[PDB]
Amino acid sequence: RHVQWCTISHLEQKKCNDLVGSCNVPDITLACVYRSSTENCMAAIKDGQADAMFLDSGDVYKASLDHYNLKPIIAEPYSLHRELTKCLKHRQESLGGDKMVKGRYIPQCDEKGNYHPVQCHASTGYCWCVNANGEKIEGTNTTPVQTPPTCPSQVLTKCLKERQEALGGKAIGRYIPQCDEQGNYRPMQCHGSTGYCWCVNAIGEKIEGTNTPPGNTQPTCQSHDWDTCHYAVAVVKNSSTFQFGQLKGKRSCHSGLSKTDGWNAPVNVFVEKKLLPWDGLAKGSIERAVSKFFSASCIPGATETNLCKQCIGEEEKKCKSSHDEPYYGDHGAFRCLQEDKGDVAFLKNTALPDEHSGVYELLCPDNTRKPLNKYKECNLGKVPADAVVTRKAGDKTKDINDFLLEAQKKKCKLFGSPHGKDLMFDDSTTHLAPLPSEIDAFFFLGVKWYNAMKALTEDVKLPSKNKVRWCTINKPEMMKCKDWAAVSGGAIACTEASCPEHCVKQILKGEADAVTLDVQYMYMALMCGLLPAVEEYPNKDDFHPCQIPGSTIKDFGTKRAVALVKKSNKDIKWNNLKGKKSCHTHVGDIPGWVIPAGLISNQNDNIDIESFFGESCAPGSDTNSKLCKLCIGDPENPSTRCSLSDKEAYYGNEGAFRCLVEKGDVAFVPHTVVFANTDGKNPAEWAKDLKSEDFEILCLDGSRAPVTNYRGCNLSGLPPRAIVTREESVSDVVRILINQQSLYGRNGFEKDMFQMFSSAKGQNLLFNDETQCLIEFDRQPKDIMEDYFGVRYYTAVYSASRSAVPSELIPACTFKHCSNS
């Protein structure tokens, strides 16, 4: 196995070569491939000449475009503010679940708020071991007849672990971190031999401008500092006197034309403060406008002559996006100021001097100057993280990740070099971790910075708030949507995706505005931050809420999942169904499977629903399992047993009810099944005038009730399907859809011209055909998860937790960003 790293300079190639020799990672060999600039390396990776390189966030954006098609895969983790510990958040969530779902696991947290390594389930007496995330170590479960297991101690905090590593078993003459009671870094740190002291934030990162030799006064160190994003800053010497608003005509040093801290951040501020006569691509390029602002600068990668005048690279290396240009990068821009080739340098806080005293200070955009350690209040914005990138195909992602993980475990010299600073990686980097598997530049940079960088390259025409771009998931839906657009007078437009999850992505990225989602997709949609705008109201009995919008809805009419049993079986209750014979509509059905399996796993330590029951019939299971012993199959024996078709006699709503009456104790079905197949409503012989009063439903409290009281004695009611959109577009989508519905709904004024809830092109296109109307979602002041799902469903299916991962999109769309207001 090989990893080919692309280097951009003679110096970087030298450092990469040293690592080939010094860093011994078994199974994976590092190799180094030289190119003359950042852009030539991005092309080498696209072409397969190399596999990986580390990019500034600005280049991560550029590399994500179709010319290169690269994606970020590895980066240093950062924090925005202090958060609750995971155990305490989990406790709060589980305690907020539906109390009618009894016997649920409530985590046990220790005096620091972390998980006790031994976790126990009070209602079942089972205990197990967990990792620091509170996730069960599989295979450690012990029954209550046994003593609690012996579980390894918690992994130490960063500070306590670095302290243990610094001691290394018996220390003298080296820095040993000082930790607080909670195991985080004390704000002030001192070197036990040199007498120097400095400040660190809560995860131990040094605050620049605070390093203090012994015998001098230290700057005040801020406590509980969990803001670890990097900040773009403008650095100047204290010997000059101009302010930020007088930058016109000065000399400047920039980390690079494509760097976020050296270009996007200052240019964004220049434009907002109207220092730069530029607003759109009608006034030419921004680089040309910047060329007229400064008298002479060094901006590696630039083409304008005066913007390369201050660079000192020799011959063709001059003004290159490469360390062979001595003023390239954060530390090159600072050197350019230090050597008086510029009056101001644009870089980020992590490249500022560590020492408190000296001739440098910060140039604030509010026309003041402030000391180096005040960058959090004297900056040009937070900037995104930087990242290792590879091809979008990801053919080398695993080898790249494995090599860097092992190299860091072995403490290879990745993050420094005698040859120079910020070679291969930023010298300030301490750890590189894998990004979410579905991350891309949009989700890595965040929508605010992604759009901000795009705005510098093109005039982004923001779509109209009077048009709803509807996302369709198949060709018939696209065609029905084009007919809607033709009658809509411009209110409706159409986009195409392959599946509802890709529609959610389009809405997040501003390519579409709305889509209707099945219940099985709403957890993902809500975790990515979309909101229900309107919902499909399916109650055929009551049309009052459709005629008079905003009025009270007595019954929304969604299905209720119930546990159906016979009146003769007096001994069966909810709490004793273990080992009994059950009948499910099919695997994957929400009322017949997802809701029952969710409650069973919630109350029995995630024990398989296959193992919970004795002999069941659930179409879709393995034919040899206990879940297919009850399944008959085709009465016209061909074997089509336990099959997901009508060939199975026990398939579907009617089939699961047949399984109950013929050979079962309980059936998991919607509440409408028993009424639609008893009282002689089904002509077949198996239900020869079967009586509805012959059956009852099981309540979660062990009691029972007649099938008529399904509203108060059910496993869970389902939420309605929802039309989702971005938070800032809810009001527009509601307004446009309600107006369209007054024209083309079931009582629309122009329903002869178009019908939203039917089509000759197919069934359930865009909306479900049995929809009565769309009802505005009335957002309540509570968690959107509980608001949309209802507490019962939220608890039964997701344990009332925001930590479930039913789609691998969730870790990417919840990745946190370094954005400004």
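Numbering starts at 1 and runs along the sequence shown.
K.L.:
Note how many residues of the deposited chain are left out of the model between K170 and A171; the options are none, 1 to 3, 4 to 9, and 10 or more.
P.N.:
1 to 3 residues are missing.
K.L.:
Does the entry skip any residues of the deposited sequence between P638 and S639, and if so, is it 1 to 3, 4 to 9, or 10 or more, or none at all?
P.N.:
Per the deposited record, the segment joining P638 and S639 lacks coordinates for 1 to 3 residues.
K.L.:
Between 691-699 and 183-191, which has the larger average Cα B-factor in the PDB entry?
P.N.:
Per the PDB entry, the higher value belongs to 691-699.
K.L.:
Using the B-factors recorded in the PDB entry, average over the C-alpha atoms of 439-447 and of 597-605, then report which stretch comes out higher.
P.N.:
Comparing 439-447 with 597-605, the higher mean C-alpha B-factor belongs to 597-605.
K.L.:
Which has the highest CA B-factor per the PDB entry: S417, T305, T350, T516?
P.N.:
If I rank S417, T305, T350, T516 by C-alpha B-factor, first place goes to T305.
K.L.:
Among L363, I207, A676, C494, single out the one with the highest C-alpha B factor in the record, please.
P.N.:
So the option with the highest C-alpha B-factor is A676.
K.L.:
Compared with the other modelled residues in the chain, in which third is the CA B-factor of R369?
P.N.:
Bottom third by C-alpha B-factor.
K.L.:
If you rank the chain by CA B-factor, which third does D483 end up in: lowest, middle or highest?
P.N.:
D483: CA B-factor falls in the middle third of its chain.
K.L.:
Comparing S807 with the other modelled residues of its chain, is its CA B-factor in the lowest, middle or highest third?
P.N.:
It falls in the bottom third of the chain.
K.L.:
So where's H67 on the chain's Cα temperature factor ranking, which third?
P.N.:
Its C-alpha B-factor belongs to the middle third of this chain's values.
K.L.:
Going by the entry, which third of its chain does the Cα temperature factor of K509 land in?
P.N.:
Within its chain, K509 is a lowest-third residue by C-alpha B-factor, going by the deposited values.
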